[PDB]
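We use all heavy atoms of the structure for the numbers below, so side chains are in, but hydrogens, waters and symmetry mates are not. We name chains A, B, ... by the order of the sequence lines, and we start the count at 1 in each one.
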Amino acid sequence: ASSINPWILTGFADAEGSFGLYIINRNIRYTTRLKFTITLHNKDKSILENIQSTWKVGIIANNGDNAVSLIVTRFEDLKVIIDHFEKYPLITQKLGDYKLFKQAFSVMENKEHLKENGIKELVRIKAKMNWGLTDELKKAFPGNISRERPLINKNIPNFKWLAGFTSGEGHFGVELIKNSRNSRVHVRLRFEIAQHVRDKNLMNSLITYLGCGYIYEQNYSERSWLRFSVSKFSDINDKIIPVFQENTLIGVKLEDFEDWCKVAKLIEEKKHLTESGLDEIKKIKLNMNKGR
DNA sequence: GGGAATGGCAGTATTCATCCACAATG
DNA sequence: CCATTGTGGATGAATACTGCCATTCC
Ligand SMILES: [Ca+2]
Ligand SMILES: [Ca+2]
Ligand SMILES: [Ca+2]
């Protein structure tokens, strides 16, 4: 119904989007499909409808029982996508996929995808995108087709990008701290953003960008990702809450953030060190995030 | 006529979000 | 002792990404 700010959109797409190139055999026996996909939980369908209304393109289809996808594949409508990301460009390593997506779009625009020479170029493009070439494409186009591509290294452009990106990757936690001495718990606010190590430079930059926090790496067990993490309450209350109050979040995570700010006000006013304050904080923790 | 383009999903794989422990710190 | 803060553990599902048959269009 409502349209999303374009820089929030790009932030959310850096978080949740996918740029795809699919090349399939007919058994001109290769057709090629170029596609932008956002797949979210059903609860955030309105995000997709809001992107769909901001672009005036794309279809929305259910994606199994619990998810839903916005899909742009119609060739003419991809110009809308490309226009958007030229004015408001991605900054994660996904930017490399979008560039390859754009390069493939030129091949198809010049009607070259249908010719043998075009297919071979599109195969080279697809090898560098996302998870690379399928086994069938590898059987049909043998050899070691290069997967290498330039590393993206861009800085956060503004807080509206951050807001869109955090709407996708962020976590606003109310955490109860247990101790050895007794059964009484304390409360801690946690802000986190997770991301694959491939964007280690962007993640590191959040420390200076937001003026607080840490990066932690987790390697459980042969997977690797990074955690931007903030727990110190003054940093939460003075540095994190203002940013996202000025730069509004989208989706259901907006509600979790608002419940988060409620707890933070209770902590700000020392109401959390009272049995009634803590009781209410517990109630909130139960009905947000995974409890919502 | 027919096959390319597009719709409409369901399926696969993993990168996230999320709740959590407990040591450290003052 | 209490309260806060640091440093991740662990888990599984909401993501990212892919696959395929049906319908539309040229
Ligand atoms: Ca992501
Ligand atoms: Ca998300
Ligand atoms: Ca995500």
If you take the centroid of each ring, where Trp contributes its six-membered ring, are A:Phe105 and A:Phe19 closer together than 6.0 Å?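 They do not qualify: ring centres at least 6.0 Å apart.
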What do you reckon, are the aromatic ring centroids of A:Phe165 and A:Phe12 less than 6.0 Å apart?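 That pair fails the under 6.0 Å test.
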For a quick check of understanding: with a heavy-atom distance under 4.0 Å over all strands, which category does [X] fall into, base, sugar-phosphate or nothing?
X: A:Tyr22; result: base
X: A:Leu40; result: sugar-phosphate
X: A:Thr39; result: base
X: A:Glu217; result: sugar-phosphate
X: A:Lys253; result: sugar-phosphate

Out of [options], which nucleotide sits closest to the side chain of [X]?
X: A:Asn63; options: B:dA10, B:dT18, C:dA16; value: B:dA10
X: A:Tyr220; options: B:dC16, C:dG9, C:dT15; value: C:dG9
X: A:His186; options: B:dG8, C:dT5, C:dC2; value: C:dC2
X: A:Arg188; options: C:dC17, C:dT5, B:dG7; value: C:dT5
X: A:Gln195; options: B:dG8, B:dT18, B:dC16; value: B:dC16
X: A:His272; options: B:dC19, C:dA3, C:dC17; value: C:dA3
X: A:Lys285; options: B:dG8, B:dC19, C:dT5; value: B:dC19
X: A:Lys94; options: C:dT15, B:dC9, C:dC17; value: C:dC17
X: A:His113; options: C:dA10, C:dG6, B:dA5; value: B:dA5
X: A:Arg181; options: C:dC20, C:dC2, C:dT4; value: C:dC2

Atom-to-atom span, [atom1] of [X] to [atom2] of [N] - whole angstrom:
X: A:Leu286; N: B:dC20; atom1: CG; atom2: P; result: 9 Å
X: A:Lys178; N: C:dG9; atom1: NZ; atom2: P; result: 19 Å
X: A:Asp238; N: C:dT5; atom1: CG; atom2: P; result: 11 Å
X: A:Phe19; N: C:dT18; atom1: CZ; atom2: P; result: 13 Å
X: A:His196; N: B:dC16; atom1: NE2; atom2: P; result: 8 Å
X: A:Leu21; N: B:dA5; atom1: CG; atom2: P; result: 13 Å
X: A:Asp77; N: B:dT6; atom1: CG; atom2: P; result: 8 Å
X: A:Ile23; N: C:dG19; atom1: CD1; atom2: P; result: 11 Å

Assess whether one donor atom and one acceptor atom, taken from the side chain of [X] and the base of [N], lie less than 3.5 Å apart.
X: A:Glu175; N: B:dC19; value: no
X: A:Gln218; N: C:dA10; value: yes
X: A:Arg33; N: B:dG7; value: yes

[X] side chain N/O closer than 4.0 Å to the phosphate oxygens (OP1, OP2) of [N]?
X: A:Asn289; N: B:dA17; result: no
X: A:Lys232; N: C:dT5; result: yes
X: A:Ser18; N: C:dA16; result: no
X: A:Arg74; N: B:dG7; result: yes
X: A:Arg227; N: C:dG8; result: no

Determine the minimum heavy-atom distance between A:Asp77 and A:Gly58, stating which atoms define it. OD2-N, 4.5 Å
Does a salt bridge link A:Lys253 with A:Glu255, judged by any charged N lying under 4.0 Å from a carboxylate O? no
Got a salt bridge between A:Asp259 and A:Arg292, using NZ or NE/NH1/NH2 to carboxylate O under 4.0 Å?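 Here A:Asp259 pairs with A:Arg292 in a salt bridge, since their nearest N and O are under 4.0 Å apart.
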Has A:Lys283 got more than 12 heavy atoms of other residues, nucleotides or ligands less than 6.0 Å from its NZ? no
So for atom CD, which belongs to A:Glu136, do other residues, nucleotides or ligands contribute more than 12 heavy atoms lying within a distance under 6.0 Å? no
Closest-nucleotide ordering on DNA chain C, the 5'-leading residue of A:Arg190 and A:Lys35: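 Its nucleotide being nearer the 5' end, the pick is A:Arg190.
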Judged by nearest nucleotide, the residue sitting upstream toward the 5' end of DNA chain C, A:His41 or A:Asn130, is A:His41
With both distances under 3.5 Å as the test, what is the Watson-Crick or G-U wobble partner of C:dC1? none
Kindly check the sign of the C1'-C2'-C3'-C4' torsion at B:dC16 and name the resulting pucker, north or south.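 South, since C1'-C2'-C3'-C4' is negative for B:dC16.
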The sugar pucker of C:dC21, read from the sign of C1'-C2'-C3'-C4' where positive is north and negative south, is south
A:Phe101 and A:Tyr98 aromatic ring geometry - parallel, tilted or perpendicular at 30°/60° bounds: parallel
Whichever of A:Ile71 and A:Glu16 has its nearest DNA chain B nucleotide further upstream toward 5': A:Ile71
